[PDB]
Structure formats: structure tokens, C-alpha cells
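Have a look at query31.pdb; it's PDB, N, CA and C atoms:
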ATOM      1  N   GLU A   1      25.139  23.133  52.335
ATOM      2  CA  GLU A   1      25.302  21.994  51.389
ATOM      3  C   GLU A   1      24.057  21.806  50.527
ATOM      4  N   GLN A   2      24.269  21.453  49.260
ATOM      5  CA  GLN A   2      23.165  21.231  48.330
ATOM      6  C   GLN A   2      22.336  20.017  48.752
ATOM      7  N   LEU A   3      23.019  18.967  49.221
ATOM      8  CA  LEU A   3      22.350  17.746  49.663
ATOM      9  C   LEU A   3      21.425  18.020  50.850
ATOM     10  N   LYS A   4      21.932  18.756  51.844
ATOM     11  CA  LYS A   4      21.143  19.089  53.032
ATOM     12  C   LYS A   4      19.936  19.949  52.660
ATOM     13  N   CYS A   5      20.130  20.863  51.707
ATOM     14  CA  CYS A   5      19.057  21.747  51.258
ATOM     15  C   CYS A   5      17.910  20.946  50.642
ATOM     16  N   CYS A   6      18.252  19.995  49.768
ATOM     17  CA  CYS A   6      17.252  19.154  49.108
ATOM     18  C   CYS A   6      16.454  18.347  50.133
ATOM     19  N   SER A   7      17.144  17.851  51.165
ATOM     20  CA  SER A   7      16.502  17.065  52.218
ATOM     21  C   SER A   7      15.352  17.840  52.860
ATOM     22  N   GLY A   8      15.544  19.152  53.041
ATOM     23  CA  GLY A   8      14.512  19.986  53.640
ATOM     24  C   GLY A   8      13.217  19.969  52.850
ATOM     25  N   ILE A   9      13.323  20.057  51.522
ATOM     26  CA  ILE A   9      12.143  20.035  50.660
ATOM     27  C   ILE A   9      11.451  18.677  50.739
ATOM     28  N   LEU A  10      12.245  17.607  50.679
ATOM     29  CA  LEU A  10      11.713  16.250  50.760
ATOM     30  C   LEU A  10      11.062  16.005  52.125
ATOM     31  N   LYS A  11      11.649  16.591  53.175
ATOM     32  CA  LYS A  11      11.131  16.448  54.538
ATOM     33  C   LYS A  11       9.691  16.953  54.645
ATOM     34  N   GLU A  12       9.322  17.916  53.795
ATOM     35  CA  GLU A  12       7.967  18.471  53.797
ATOM     36  C   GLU A  12       6.930  17.378  53.556
ATOM     37  N   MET A  13       7.270  16.411  52.701
ATOM     38  CA  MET A  13       6.370  15.300  52.404
ATOM     39  C   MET A  13       6.009  14.545  53.684
ATOM     40  N   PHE A  14       6.983  14.415  54.591
ATOM     41  CA  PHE A  14       6.766  13.726  55.862
ATOM     42  C   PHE A  14       6.720  14.716  57.037
ATOM     43  N   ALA A  15       6.533  16.006  56.733
ATOM     44  CA  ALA A  15       6.461  17.042  57.766
ATOM     45  C   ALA A  15       5.014  17.475  58.028
ATOM     46  N   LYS A  16       4.058  16.705  57.499
ATOM     47  CA  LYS A  16       2.630  16.996  57.660
ATOM     48  C   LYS A  16       2.214  18.223  56.838
ATOM     49  N   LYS A  17       2.951  18.499  55.758
ATOM     50  CA  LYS A  17       2.649  19.638  54.889
ATOM     51  C   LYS A  17       2.194  19.175  53.502
ATOM     52  N   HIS A  18       2.746  18.052  53.038
ATOM     53  CA  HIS A  18       2.389  17.493  51.735
ATOM     54  C   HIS A  18       2.375  15.960  51.787
ATOM     55  N   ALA A  19       2.067  15.412  52.964
ATOM     56  CA  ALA A  19       2.015  13.963  53.152
ATOM     57  C   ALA A  19       0.722  13.384  52.596
ATOM     58  N   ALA A  20      -0.377  14.117  52.775
ATOM     59  CA  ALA A  20      -1.682  13.676  52.284
ATOM     60  C   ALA A  20      -1.701  13.615  50.759
ATOM     61  N   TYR A  21      -1.066  14.598  50.123
ATOM     62  CA  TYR A  21      -1.002  14.657  48.667
ATOM     63  C   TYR A  21      -0.055  13.591  48.112
ATOM     64  N   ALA A  22       1.009  13.288  48.861
ATOM     65  CA  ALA A  22       1.982  12.277  48.445
ATOM     66  C   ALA A  22       1.768  10.946  49.178
ATOM     67  N   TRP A  23       0.586  10.770  49.775
ATOM     68  CA  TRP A  23       0.269   9.544  50.505
ATOM     69  C   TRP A  23       0.002   8.381  49.548
ATOM     70  N   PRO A  24      -0.935   8.549  48.586
ATOM     71  CA  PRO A  24      -1.262   7.496  47.618
ATOM     72  C   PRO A  24      -0.214   7.352  46.507
ATOM     73  N   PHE A  25       0.775   8.250  46.489
ATOM     74  CA  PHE A  25       1.833   8.213  45.482
ATOM     75  C   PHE A  25       3.220   8.197  46.139
ATOM     76  N   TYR A  26       3.355   7.429  47.222
ATOM     77  CA  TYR A  26       4.629   7.323  47.934
ATOM     78  C   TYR A  26       5.352   6.024  47.574
ATOM     79  N   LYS A  27       4.623   4.906  47.613
ATOM     80  CA  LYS A  27       5.196   3.597  47.287
ATOM     81  C   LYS A  27       5.277   3.393  45.771
ATOM     82  N   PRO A  28       6.195   2.517  45.307
ATOM     83  CA  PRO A  28       6.369   2.232  43.873
ATOM     84  C   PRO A  28       5.187   1.459  43.278
ATOM     85  N   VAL A  29       5.327   1.048  42.016
ATOM     86  CA  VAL A  29       4.274   0.300  41.331
ATOM     87  C   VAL A  29       4.698  -1.150  41.072
ATOM     88  N   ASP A  30       4.500  -2.004  42.079
ATOM     89  CA  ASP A  30       4.855  -3.421  41.978
ATOM     90  C   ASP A  30       4.033  -4.117  40.895
ATOM     91  N   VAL A  31       4.667  -4.396  39.757
ATOM     92  CA  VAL A  31       3.991  -5.058  38.643
ATOM     93  C   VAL A  31       3.498  -6.457  39.029
ATOM     94  N   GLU A  32       4.283  -7.170  39.840
ATOM     95  CA  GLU A  32       3.917  -8.517  40.283
ATOM     96  C   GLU A  32       2.772  -8.481  41.299
ATOM     97  N   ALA A  33       2.873  -7.578  42.278
ATOM     98  CA  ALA A  33       1.851  -7.450  43.319
ATOM     99  C   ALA A  33       0.562  -6.827  42.783
ATOM    100  N   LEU A  34       0.691  -5.722  42.049
ATOM    101  CA  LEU A  34      -0.474  -5.032  41.494
ATOM    102  C   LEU A  34      -0.976  -5.698  40.210
ATOM    103  N   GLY A  35      -0.106  -6.462  39.545
ATOM    104  CA  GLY A  35      -0.494  -7.133  38.315
ATOM    105  C   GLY A  35      -0.708  -6.163  37.167
ATOM    106  N   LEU A  36       0.342  -5.422  36.808
ATOM    107  CA  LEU A  36       0.257  -4.449  35.718
ATOM    108  C   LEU A  36       1.373  -4.665  34.690
ATOM    109  N   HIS A  37       1.314  -5.798  33.986
ATOM    110  CA  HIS A  37       2.309  -6.125  32.958
ATOM    111  C   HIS A  37       2.274  -5.119  31.803
ATOM    112  N   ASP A  38       1.172  -4.371  31.693
ATOM    113  CA  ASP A  38       1.021  -3.376  30.635
ATOM    114  C   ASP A  38       1.838  -2.115  30.927
ATOM    115  N   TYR A  39       2.219  -1.923  32.194
ATOM    116  CA  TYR A  39       3.007  -0.757  32.592
ATOM    117  C   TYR A  39       4.317  -0.685  31.807
ATOM    118  N   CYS A  40       4.963  -1.839  31.619
ATOM    119  CA  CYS A  40       6.223  -1.904  30.875
ATOM    120  C   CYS A  40       6.012  -1.486  29.421
ATOM    121  N   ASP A  41       4.843  -1.824  28.873
ATOM    122  CA  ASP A  41       4.510  -1.475  27.495
ATOM    123  C   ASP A  41       4.279   0.028  27.356
ATOM    124  N   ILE A  42       3.561   0.608  28.321
ATOM    125  CA  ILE A  42       3.269   2.040  28.310
ATOM    126  C   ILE A  42       4.509   2.863  28.673
ATOM    127  N   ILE A  43       5.221   2.442  29.721
ATOM    128  CA  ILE A  43       6.421   3.147  30.171
ATOM    129  C   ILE A  43       7.645   2.235  30.144
ATOM    130  N   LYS A  44       8.651   2.619  29.357
ATOM    131  CA  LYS A  44       9.885   1.839  29.247
ATOM    132  C   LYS A  44      10.720   1.925  30.528
ATOM    133  N   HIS A  45      10.684   3.083  31.189
ATOM    134  CA  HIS A  45      11.442   3.290  32.423
ATOM    135  C   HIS A  45      10.548   3.861  33.529
ATOM    136  N   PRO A  46       9.724   3.004  34.166
ATOM    137  CA  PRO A  46       8.815   3.426  35.242
ATOM    138  C   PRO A  46       9.560   3.791  36.528
ATOM    139  N   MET A  47       9.257   4.972  37.072
ATOM    140  CA  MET A  47       9.900   5.445  38.298
ATOM    141  C   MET A  47       8.873   5.980  39.299
ATOM    142  N   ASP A  48       9.237   5.963  40.584
ATOM    143  CA  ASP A  48       8.353   6.448  41.646
ATOM    144  C   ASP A  48       9.133   7.228  42.705
ATOM    145  N   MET A  49       8.405   7.936  43.575
ATOM    146  CA  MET A  49       9.028   8.721  44.645
ATOM    147  C   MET A  49       9.921   7.841  45.517
ATOM    148  N   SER A  50       9.440   6.634  45.832
ATOM    149  CA  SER A  50      10.203   5.693  46.650
ATOM    150  C   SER A  50      11.507   5.305  45.952
ATOM    151  N   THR A  51      11.440   5.125  44.631
ATOM    152  CA  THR A  51      12.615   4.760  43.844
ATOM    153  C   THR A  51      13.654   5.880  43.869
ATOM    154  N   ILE A  52      13.195   7.120  43.682
ATOM    155  CA  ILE A  52      14.087   8.277  43.685
ATOM    156  C   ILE A  52      14.634   8.547  45.088
ATOM    157  N   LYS A  53      13.758   8.502  46.093
ATOM    158  CA  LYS A  53      14.170   8.738  47.477
ATOM    159  C   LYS A  53      15.133   7.651  47.955
ATOM    160  N   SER A  54      14.928   6.417  47.481
ATOM    161  CA  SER A  54      15.781   5.289  47.862
ATOM    162  C   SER A  54      17.246   5.566  47.519
ATOM    163  N   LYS A  55      17.485   6.177  46.355
ATOM    164  CA  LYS A  55      18.845   6.507  45.929
ATOM    165  C   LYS A  55      19.486   7.472  46.924
ATOM    166  N   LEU A  56      18.757   8.535  47.263
ATOM    167  CA  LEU A  56      19.238   9.528  48.222
ATOM    168  C   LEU A  56      19.444   8.889  49.599
ATOM    169  N   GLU A  57      18.567   7.941  49.954
ATOM    170  CA  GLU A  57      18.655   7.242  51.238
ATOM    171  C   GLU A  57      19.985   6.496  51.374
ATOM    172  N   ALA A  58      20.437   5.881  50.277
ATOM    173  CA  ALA A  58      21.698   5.135  50.278
ATOM    174  C   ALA A  58      22.900   6.026  49.928
ATOM    175  N   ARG A  59      22.714   7.353  49.984
ATOM    176  CA  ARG A  59      23.781   8.306  49.669
ATOM    177  C   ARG A  59      24.274   8.146  48.225
ATOM    178  N   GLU A  60      23.397   7.664  47.338
ATOM    179  CA  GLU A  60      23.750   7.486  45.930
ATOM    180  C   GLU A  60      23.751   8.828  45.202
ATOM    181  N   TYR A  61      22.828   9.709  45.593
ATOM    182  CA  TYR A  61      22.724  11.032  44.986
ATOM    183  C   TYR A  61      23.862  11.932  45.453
ATOM    184  N   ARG A  62      24.833  12.152  44.570
ATOM    185  CA  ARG A  62      25.984  12.994  44.886
ATOM    186  C   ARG A  62      25.637  14.480  44.763
ATOM    187  N   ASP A  63      24.674  14.805  43.894
ATOM    188  CA  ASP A  63      24.261  16.193  43.695
ATOM    189  C   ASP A  63      22.785  16.291  43.304
ATOM    190  N   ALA A  64      22.224  17.498  43.430
ATOM    191  CA  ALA A  64      20.822  17.740  43.087
ATOM    192  C   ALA A  64      20.587  17.674  41.574
ATOM    193  N   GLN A  65      21.663  17.788  40.787
ATOM    194  CA  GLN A  65      21.554  17.733  39.331
ATOM    195  C   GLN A  65      21.027  16.369  38.884
ATOM    196  N   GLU A  66      21.545  15.305  39.498
ATOM    197  CA  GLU A  66      21.118  13.945  39.177
ATOM    198  C   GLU A  66      19.687  13.694  39.665
ATOM    199  N   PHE A  67      19.351  14.258  40.829
ATOM    200  CA  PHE A  67      18.015  14.108  41.407
ATOM    201  C   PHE A  67      16.971  14.790  40.529
ATOM    202  N   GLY A  68      17.209  16.067  40.222
ATOM    203  CA  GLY A  68      16.291  16.824  39.387
ATOM    204  C   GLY A  68      16.065  16.176  38.033
ATOM    205  N   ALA A  69      17.127  15.596  37.464
ATOM    206  CA  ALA A  69      17.037  14.930  36.165
ATOM    207  C   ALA A  69      16.023  13.788  36.204
ATOM    208  N   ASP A  70      16.053  13.006  37.286
ATOM    209  CA  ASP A  70      15.133  11.883  37.450
ATOM    210  C   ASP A  70      13.709  12.369  37.720
ATOM    211  N   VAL A  71      13.579  13.432  38.515
ATOM    212  CA  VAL A  71      12.265  13.983  38.841
ATOM    213  C   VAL A  71      11.557  14.489  37.586
ATOM    214  N   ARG A  72      12.268  15.277  36.776
ATOM    215  CA  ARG A  72      11.699  15.813  35.541
ATOM    216  C   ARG A  72      11.366  14.683  34.564
ATOM    217  N   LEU A  73      12.227  13.660  34.524
ATOM    218  CA  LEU A  73      12.020  12.510  33.641
ATOM    219  C   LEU A  73      10.771  11.732  34.053
ATOM    220  N   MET A  74      10.661  11.436  35.351
ATOM    221  CA  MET A  74       9.513  10.701  35.882
ATOM    222  C   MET A  74       8.223  11.503  35.717
ATOM    223  N   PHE A  75       8.288  12.807  36.003
ATOM    224  CA  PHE A  75       7.119  13.680  35.880
ATOM    225  C   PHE A  75       6.551  13.639  34.462
ATOM    226  N   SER A  76       7.439  13.672  33.464
ATOM    227  CA  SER A  76       7.022  13.631  32.062
ATOM    228  C   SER A  76       6.321  12.311  31.744
ATOM    229  N   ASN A  77       6.887  11.205  32.233
ATOM    230  CA  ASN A  77       6.310   9.881  32.007
ATOM    231  C   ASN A  77       5.008   9.712  32.786
ATOM    232  N   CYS A  78       4.997  10.195  34.029
ATOM    233  CA  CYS A  78       3.814  10.101  34.885
ATOM    234  C   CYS A  78       2.618  10.809  34.253
ATOM    235  N   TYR A  79       2.868  11.961  33.631
ATOM    236  CA  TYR A  79       1.809  12.732  32.979
ATOM    237  C   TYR A  79       1.126  11.914  31.881
ATOM    238  N   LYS A  80       1.903  11.066  31.202
ATOM    239  CA  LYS A  80       1.373  10.223  30.133
ATOM    240  C   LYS A  80       0.379   9.200  30.685
ATOM    241  N   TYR A  81       0.759   8.531  31.778
ATOM    242  CA  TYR A  81      -0.107   7.530  32.404
ATOM    243  C   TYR A  81      -1.252   8.194  33.172
ATOM    244  N   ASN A  82      -0.947   9.287  33.881
ATOM    245  CA  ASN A  82      -1.955  10.011  34.660
ATOM    246  C   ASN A  82      -3.069  10.544  33.759
ATOM    247  N   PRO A  83      -4.289   9.978  33.873
ATOM    248  CA  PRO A  83      -5.437  10.403  33.065
ATOM    249  C   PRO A  83      -5.953  11.783  33.474
ATOM    250  N   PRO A  84      -6.017  12.734  32.515
ATOM    251  CA  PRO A  84      -6.488  14.105  32.776
ATOM    252  C   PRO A  84      -7.833  14.146  33.505
ATOM    253  N   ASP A  85      -8.138  15.299  34.112
ATOM    254  CA  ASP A  85      -9.383  15.490  34.855
ATOM    255  C   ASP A  85      -9.471  14.508  36.029
ATOM    256  N   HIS A  86      -8.347  14.330  36.728
ATOM    257  CA  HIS A  86      -8.277  13.416  37.864
ATOM    258  C   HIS A  86      -7.568  14.062  39.054
ATOM    259  N   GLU A  87      -7.985  13.683  40.263
ATOM    260  CA  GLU A  87      -7.388  14.210  41.491
ATOM    261  C   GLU A  87      -5.885  13.922  41.542
ATOM    262  N   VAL A  88      -5.497  12.708  41.137
ATOM    263  CA  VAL A  88      -4.088  12.306  41.139
ATOM    264  C   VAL A  88      -3.244  13.204  40.233
ATOM    265  N   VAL A  89      -3.819  13.622  39.105
ATOM    266  CA  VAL A  89      -3.117  14.487  38.160
ATOM    267  C   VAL A  89      -2.832  15.851  38.786
ATOM    268  N   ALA A  90      -3.854  16.440  39.413
ATOM    269  CA  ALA A  90      -3.714  17.740  40.065
ATOM    270  C   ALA A  90      -2.681  17.679  41.189
ATOM    271  N   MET A  91      -2.686  16.573  41.939
ATOM    272  CA  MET A  91      -1.748  16.386  43.046
ATOM    273  C   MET A  91      -0.304  16.396  42.548
ATOM    274  N   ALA A  92      -0.050  15.683  41.448
ATOM    275  CA  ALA A  92       1.289  15.614  40.868
ATOM    276  C   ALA A  92       1.762  16.995  40.423
ATOM    277  N   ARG A  93       0.919  17.692  39.657
ATOM    278  CA  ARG A  93       1.251  19.031  39.172
ATOM    279  C   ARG A  93       1.492  19.987  40.343
ATOM    280  N   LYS A  94       0.667  19.870  41.387
ATOM    281  CA  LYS A  94       0.800  20.713  42.575
ATOM    282  C   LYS A  94       2.162  20.503  43.241
ATOM    283  N   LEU A  95       2.596  19.239  43.320
ATOM    284  CA  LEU A  95       3.886  18.900  43.925
ATOM    285  C   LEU A  95       5.041  19.527  43.143
ATOM    286  N   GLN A  96       4.885  19.616  41.820
ATOM    287  CA  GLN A  96       5.914  20.202  40.963
ATOM    288  C   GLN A  96       6.012  21.710  41.183
ATOM    289  N   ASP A  97       4.857  22.376  41.274
ATOM    290  CA  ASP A  97       4.813  23.823  41.480
ATOM    291  C   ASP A  97       5.472  24.215  42.803
ATOM    292  N   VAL A  98       5.125  23.501  43.876
ATOM    293  CA  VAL A  98       5.692  23.778  45.195
ATOM    294  C   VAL A  98       7.200  23.504  45.210
ATOM    295  N   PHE A  99       7.613  22.390  44.596
ATOM    296  CA  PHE A  99       9.030  22.027  44.534
ATOM    297  C   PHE A  99       9.819  23.056  43.728
ATOM    298  N   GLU A 100       9.333  23.372  42.523
ATOM    299  CA  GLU A 100       9.997  24.346  41.655
ATOM    300  C   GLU A 100      10.143  25.695  42.355
ATOM    301  N   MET A 101       9.067  26.149  43.000
ATOM    302  CA  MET A 101       9.078  27.425  43.715
ATOM    303  C   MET A 101      10.122  27.419  44.834
ATOM    304  N   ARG A 102      10.123  26.354  45.639
ATOM    305  CA  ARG A 102      11.072  26.228  46.745
ATOM    306  C   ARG A 102      12.501  26.057  46.229
ATOM    307  N   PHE A 103      12.668  25.207  45.213
ATOM    308  CA  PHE A 103      13.983  24.955  44.618
ATOM    309  C   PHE A 103      14.546  26.227  43.985
ATOM    310  N   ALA A 104      13.686  26.965  43.280
ATOM    311  CA  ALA A 104      14.088  28.210  42.631
ATOM    312  C   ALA A 104      14.488  29.262  43.663
ATOM    313  N   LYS A 105      13.843  29.231  44.833
ATOM    314  CA  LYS A 105      14.143  30.184  45.901
ATOM    315  C   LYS A 105      15.505  29.889  46.538
ATOM    316  N   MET A 106      15.777  28.610  46.816
ATOM    317  CA  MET A 106      17.050  28.209  47.424
ATOM    318  C   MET A 106      18.218  28.385  46.449
ATOM    319  N   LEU A 107      17.969  28.131  45.162
ATOM    320  CA  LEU A 107      19.006  28.263  44.137
ATOM    321  C   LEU A 107      19.152  29.713  43.677
ATOM    322  N   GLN A 108      18.021  30.399  43.505
ATOM    323  CA  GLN A 108      18.023  31.791  43.060
ATOM    324  C   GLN A 108      17.524  32.720  44.168
TER     325      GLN A 108
END
For the file at hand, write its structure as C-alpha cells.
Amino acid sequence: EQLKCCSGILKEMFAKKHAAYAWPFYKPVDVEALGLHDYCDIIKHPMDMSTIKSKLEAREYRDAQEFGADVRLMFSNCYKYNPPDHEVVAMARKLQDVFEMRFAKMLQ
């Protein structure tokens, strides 16, 4: 199953393989708690790993096509906010390379 296959890749984040890299970027960006009213101005549709995973958690994700669409969309927006020459930037890009490689292997 495509759904079960995707779960395996996501499991890596909590499998002690990419948890440290996705540790500071696991929870969403609470505008009220963090106090970032400017986030809405910079990003019209702010998304996070927790937001995307939450959909899959509630069995909302019927296929990997919808999941990948959100990941690529968020990644593009995240790159805009993520200031170059930063550890967080490298971590995000690294997560994409590992995911793409694994996803490409399971699909191709």
C-alpha cells in the first residue's frame, strides 16, 4: 500500500534516524503563543510537519499525491522564511534529499 509505504519514511523521524534534525522543526508555529503576527504577512499559507502529519494521523490523506503536494508547497514557502547560511536551512534541505531519495526508490 502507498499509505503504509509513506508511513515508513515518516517513521524515520521518530526512529532515532532523523529525530534530532526534525526536533526543533516538529511542532507548528503558534502565532499567539510565539507572537509572530508578521508570519501571516510573509506567508499567506503557513504549514508545518505537525500540520501535515496531523492530516495523515486522522486518515485524511487518501494518497501520497496529496501529501507530496503539501510538502513541496511548504518547502518552497519555508525556504523564503529560512534565512540562508543557517543550520535550520541545511536541516530542511537535508530532509528533502533523504525523502526524495527514499521516495524515488520506493516509487522507481
- Expected selection from the PyMOL selection byres (((chain A and resi 27 and name CA) around 10) and name CA), given as a ChimeraX atom specification: /A:22-26,28-30,48-51
Could you name the residues that touch residue 5 of chain A at 12 Å or less, counting only C-alpha atoms, but leaving out those on the same chain fewer than 3 positions away, as a short mmCIF file (atom, residue, chain, number, x, y, z; two decimals) with N, CA and C atoms, in the coordinates of the input?
data_model
loop_
_atom_site.label_atom_id
_atom_site.label_comp_id
_atom_site.auth_asym_id
_atom_site.auth_seq_id
_atom_site.Cartn_x
_atom_site.Cartn_y
_atom_site.Cartn_z
N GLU A 1 25.14 23.13 52.34
CA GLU A 1 25.30 21.99 51.39
C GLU A 1 24.06 21.81 50.53
N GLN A 2 24.27 21.45 49.26
CA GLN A 2 23.16 21.23 48.33
C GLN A 2 22.34 20.02 48.75
N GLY A 8 15.54 19.15 53.04
CA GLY A 8 14.51 19.99 53.64
C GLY A 8 13.22 19.97 52.85
N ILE A 9 13.32 20.06 51.52
CA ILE A 9 12.14 20.04 50.66
C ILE A 9 11.45 18.68 50.74
N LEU A 10 12.24 17.61 50.68
CA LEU A 10 11.71 16.25 50.76
C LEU A 10 11.06 16.00 52.12
N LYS A 11 11.65 16.59 53.18
CA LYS A 11 11.13 16.45 54.54
C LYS A 11 9.69 16.95 54.64
N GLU A 12 9.32 17.92 53.80
CA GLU A 12 7.97 18.47 53.80
C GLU A 12 6.93 17.38 53.56
N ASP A 63 24.67 14.80 43.89
CA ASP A 63 24.26 16.19 43.70
C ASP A 63 22.78 16.29 43.30
N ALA A 64 22.22 17.50 43.43
CA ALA A 64 20.82 17.74 43.09
C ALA A 64 20.59 17.67 41.57
N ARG A 102 10.12 26.35 45.64
CA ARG A 102 11.07 26.23 46.74
C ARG A 102 12.50 26.06 46.23
N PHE A 103 12.67 25.21 45.21
CA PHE A 103 13.98 24.96 44.62
C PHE A 103 14.55 26.23 43.98
N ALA A 104 13.69 26.96 43.28
CA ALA A 104 14.09 28.21 42.63
C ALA A 104 14.49 29.26 43.66
N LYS A 105 13.84 29.23 44.83
CA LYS A 105 14.14 30.18 45.90
C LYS A 105 15.50 29.89 46.54
N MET A 106 15.78 28.61 46.82
CA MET A 106 17.05 28.21 47.42
C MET A 106 18.22 28.38 46.45
N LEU A 107 17.97 28.13 45.16
CA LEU A 107 19.01 28.26 44.14
C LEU A 107 19.15 29.71 43.68
#
- Select from segment 4-91 of chain A everything DSSP, run on the backbone, classes as helix (DSSP H, G or I), then give the selection as a PyMOL selection string. chain A and resi 4-13+31-34+38-42+49-57+64-81+87-91
- Could you please determine the separation between atom C of residue 76 of chain A and atom C of residue 45 of chain A in Å, to one decimal place?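 Those two atoms sit 9.6 Å apart.
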Would you compute the box with edges along x, y and z of the file around segment 77-86 of chain A, including every atom the file lists for it and 6 Å extra on each side, and give its centre and edge lengths in Å to one decimal, as lines of an AutoDock Vina configuration file?
center_x = -1.3
center_y = 11.5
center_z = 34.6
size_x = 28.4
size_y = 20.0
size_z = 20.9
- Take atom CA of residue 91 of chain A and atom N of residue 21 of chain A and report the distance between them in Å, one decimal.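 Computing the Euclidean distance for atom CA of residue 91 of chain A and atom N of residue 21 of chain A yields 7.3 Å.
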- Task: Quick one: apply the PyMOL selection byres (((chain A and resi 46 and name CA) around 12) and name CA) to the file and drop the selected residues here as a PyMOL selection string.
- Result: chain A and resi 28-31+36-45+47-52+70-71+73-81
